[PDB]
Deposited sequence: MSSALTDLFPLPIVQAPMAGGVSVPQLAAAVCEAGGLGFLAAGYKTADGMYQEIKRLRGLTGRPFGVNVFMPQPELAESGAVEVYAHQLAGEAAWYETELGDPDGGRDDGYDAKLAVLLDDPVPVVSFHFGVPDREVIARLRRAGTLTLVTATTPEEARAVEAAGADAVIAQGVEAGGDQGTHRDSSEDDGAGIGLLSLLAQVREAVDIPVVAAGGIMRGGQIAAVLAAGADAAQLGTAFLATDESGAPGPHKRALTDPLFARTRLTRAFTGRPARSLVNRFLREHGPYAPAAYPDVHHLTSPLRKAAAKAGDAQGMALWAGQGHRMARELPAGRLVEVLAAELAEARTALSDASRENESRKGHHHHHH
């Protein structure tokens, strides 16, 4: 597997937007034998390029860069904005523009990734045109795409990608569904089941994602057909993580004892710890991405500035309670040991 041949351990640090995946995090994972990732989501092409440059200065080992697929245009947003009037007033800020870009600098970002190739590139919220994948392949870049159902996985393979990321419902953060509709609500697939379905649906390598916090779980997905495990929440609380202090603390806080998928913050299903904002607006959030994300960004930044976890997008997978606060490099070592220990037992 070209992917696994790139790095020693079957461990991938999930790209996490919102200032989480700073170069220092990716670098530590890379130096420990795992695959570090940079998140291009919501950044400008230049912002992404600067991180890429900095990371190369921190490590010479393979790393990945994640990009968001452009979303098509399209009452609901006007109403939700109105319902947030109180949040804007309380945080003394203005809601963001729901009609901003929807491509997230896609064209410019691909230009950078093609002109100065990186080892790995993954896509979220859909599948790239097969010409984008072919061109990146020629450049020597391995391509990955997230799928949440066996059908989406088939689409990923059909596009010619090198590997598919099977993200189960337990996953923290944004669900990588290709198309969001109120019907998918309540129909999310558990990772162990999704992995098996995807493994029999496609022939390309599968990277398992969702709720993986221990080395034993990494051994579990490998046993079920995965080539590697992608972990987000586990690295979210490491020291190199750029996630706000209130967010890191919430992960193990008994007060935030539950997570759930919501469109409250971005307008697309994403798993977050249940808090005030989710409770109040979660039931009414419309399917409109990145429209809603633009709308609530000022709110989230204001909340983070104040240290108010109740107004933040507390992204977290179902294994958040097992999050460990230590250097990412040491976390990889611990994970590797747990993995070995589980293989031996099995």
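K.L.:
Without any C-alpha position in the structure, which residue ranges of the deposited sequence would you list, numbering from 1?
P.N.:
In sequence order, the gaps with no modelled C-alpha are 1-2, 77-79, 352-369.
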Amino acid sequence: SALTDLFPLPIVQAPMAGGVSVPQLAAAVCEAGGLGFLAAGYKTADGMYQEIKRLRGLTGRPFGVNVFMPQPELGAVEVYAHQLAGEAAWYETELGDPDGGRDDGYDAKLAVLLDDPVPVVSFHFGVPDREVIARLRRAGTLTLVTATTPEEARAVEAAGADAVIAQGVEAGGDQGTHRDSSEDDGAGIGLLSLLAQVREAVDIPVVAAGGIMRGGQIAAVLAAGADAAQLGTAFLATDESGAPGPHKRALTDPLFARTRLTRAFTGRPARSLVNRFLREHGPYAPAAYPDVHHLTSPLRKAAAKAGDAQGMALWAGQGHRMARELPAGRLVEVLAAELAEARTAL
From here on, numbers count along this sequence of modelled residues.
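K.L.:
What stretch has the higher average Cα B-factor here, 113-121 or 143-151?
P.N.:
Higher of the two, by average CA B-factor, is 113-121.
K.L.:
Mean C-alpha B-factor higher for 10-18, or for 320-328?
P.N.:
The stretch with the larger average C-alpha B-factor is 320-328.
K.L.:
Would you mind checking which of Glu157, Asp129, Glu183, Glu240 has the top Cα temperature factor in the PDB entry?
P.N.:
If I rank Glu157, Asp129, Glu183, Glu240 by C-alpha B-factor, first place goes to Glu183.
K.L.:
Please work out which residue in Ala228, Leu236, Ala76, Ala270 has the highest C-alpha B-factor recorded for this crystal structure.
P.N.:
Across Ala228, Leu236, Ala76, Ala270, the entry lists the biggest C-alpha B-factor for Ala76.
K.L.:
Looking at the entry's B-factor column for C-alpha atoms only, identify whether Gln83 ranks in the lowest, middle or highest third of its chain.
P.N.:
Highest third - that is where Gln83 ends up once the chain's C-alpha B-factors are sorted.
K.L.:
Hey, what third does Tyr42 fall into on Cα B-factor, ranked over its chain?
P.N.:
According to the entry, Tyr42 has a C-alpha B-factor in the chain's lowest third.
K.L.:
In terms of the CA temperature factor given in the entry, to which third of its chain does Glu170 belong: lowest, middle or highest?
P.N.:
Tercile = lowest for this residue's CA B-factor.
K.L.:
Lowest, middle or highest third of the chain for the C-alpha temperature factor of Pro286?
P.N.:
For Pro286, whose C-alpha B-factor we compare with every modelled residue in the chain, the answer is the highest third.
K.L.:
Ordered by C-alpha B-factor within the chain, which third holds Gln71? Give me lowest, middle or highest, please.
P.N.:
Ranked within chain, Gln71 CA B lands in the highest tercile.
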